[PDB]
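Form deposited in one PDB entry, single chain, as structure tokens, below.
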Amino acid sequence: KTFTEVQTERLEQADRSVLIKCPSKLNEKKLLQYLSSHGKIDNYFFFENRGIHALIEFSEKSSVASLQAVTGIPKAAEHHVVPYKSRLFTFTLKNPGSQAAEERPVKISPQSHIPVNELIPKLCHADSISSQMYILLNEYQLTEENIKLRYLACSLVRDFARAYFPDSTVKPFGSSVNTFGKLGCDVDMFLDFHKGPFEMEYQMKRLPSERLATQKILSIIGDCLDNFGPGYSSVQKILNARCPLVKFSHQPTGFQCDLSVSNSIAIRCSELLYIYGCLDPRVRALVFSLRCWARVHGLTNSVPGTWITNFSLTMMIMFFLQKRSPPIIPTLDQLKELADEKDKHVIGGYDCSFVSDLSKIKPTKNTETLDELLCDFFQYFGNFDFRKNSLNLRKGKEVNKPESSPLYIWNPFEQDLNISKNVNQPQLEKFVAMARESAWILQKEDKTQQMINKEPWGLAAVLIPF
């Protein structure tokens, strides 16, 4: 299945889904038996976040309308509430003293990964380094339940926008959908907004220039999220940034969210990364471990600045994997060649085209183990000449740097842009030093003796401070 098919299918599923704040005492079967009267239920689950919440995915969207019909406005807060009716519900018993079935406990689907301290033991008790990186991956990656919750959050924000742009969509991009998302990560959202003798037309208010329109639209949705709600808080409008942005927390799901107007270049990146992530499990294994490594050594940071970003790091990892013998993943120009007329995408002059079908890509013949790749990553970039060379992911080669920035990574979809232009000399040097130390640790450590000594080894040794 292609990225685009997965997006559509996930959004269509979210479109016919709701959230129900459950009561203290909860009989799952009765609730589901009741909710099913409004229509068939394809999927559901429960999770914990300031109480027990449940996601309900109906087979028909009409089921949502049916359920909405019988739902009421909090009688306890009559004229004291903003009567905006969304898909967030709060179920309570009609006759509290008529609970007629055995109350069982419910299975709570986890929405956050276990912390680093708890992860180290599990890594240390693994057999090899490969397995360590697969433990980490499995502990960290997004669950099916979490993904559905992310798409639903998008779907609730969409409903606000459509009020006046009926054909709009709010689509997740970035780590949420590029296969490299870890539990607890932000949800990045793109708003995408576009016979007689008389020529008949609607009267419609015109919009200003692209940027100014984006700012007003995002400002108003921000205001709505803040005031029409429910569950949105810490709504922070950052409309003056290069890319206008609204940040907000969504309390029912517990996500932190970023909303901007659609940038089709950024979506192609997400699809590019999706392909790379789907082509081979080692790709995702390496990313998750190296992201974690960077965070632990203070190379990355939650606030923008001179630090390397996960996006940049992720791109450096793809470049590494492009330069193997033989390559674990193909280059972008190779994917452009395989791209037929169905997959052609030009976005402001530059050809952002590449294949969508995974079948067309021949599998790699590379059989290197993660053990070798992790150390070689550190080895490779530890001894990389960042002053003379830059990273081109189209060619998959080291080339001369168009600009004199310390760390230059060629933006694969735009001609002379550097995705890591923010990075200064100090931060790059610290990365190189951490990379070199990490390689040294791995190359010349006694793995067996450290297991005996009950001390860190392999991935675990590079995931603790120096």
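Each form is matched to the other, and the largest set of C-alpha atoms that superpose within 1.5 Å is called the rigid core. Each residue number is its position in the shown sequence, starting from 1.
The gap between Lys388 and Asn389 holds no unmodelled residues of the deposited sequence. A summary of the deposited B-factors shows that, of 26 to 34 and 433 to 441, the stretch with the larger mean C-alpha value is 26 to 34. Averaged over CA atoms, B-factors in the entry run higher in 399 to 407 than in the other of 66 to 74 and 399 to 407. The residue among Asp258, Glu139, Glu102, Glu271 whose C-alpha atom has the highest B-factor in the PDB entry is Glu102.
Looking only at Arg206, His125, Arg87, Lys216, the residue with the top Cα B factor in the deposited structure is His125. Ranked by C-alpha B-factor against the other modelled residues of its chain, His113 falls in the highest third. For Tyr134, the recorded CA temperature factor ranks within the middle third of the chain's modelled residues.
Among all modelled residues in its chain, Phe165 ranks in the lowest third by Cα B-factor. Ranked against the other modelled residues of its chain, the C-alpha B-factor of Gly298 as given in the entry falls in the middle third. Among all modelled residues in this chain, the alpha-carbon of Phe354 has a temperature factor (C-alpha) in the highest third.
There is another form of the same protein, the form deposited in another entry; it is not shown, and what comes next is about it.
Checking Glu144, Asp385, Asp127, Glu201 for C-alpha shifts of 2 Å or more between the shown form and the other one, after the rigid core is superposed, gives a single hit: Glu201. Superposition of the core reveals a Cα shift of 2 Å or more for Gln99 between the shown form and the other one. Relative to the superposed core, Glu78 shifts its CA atom by 2 Å or more between the shown form and the other one.
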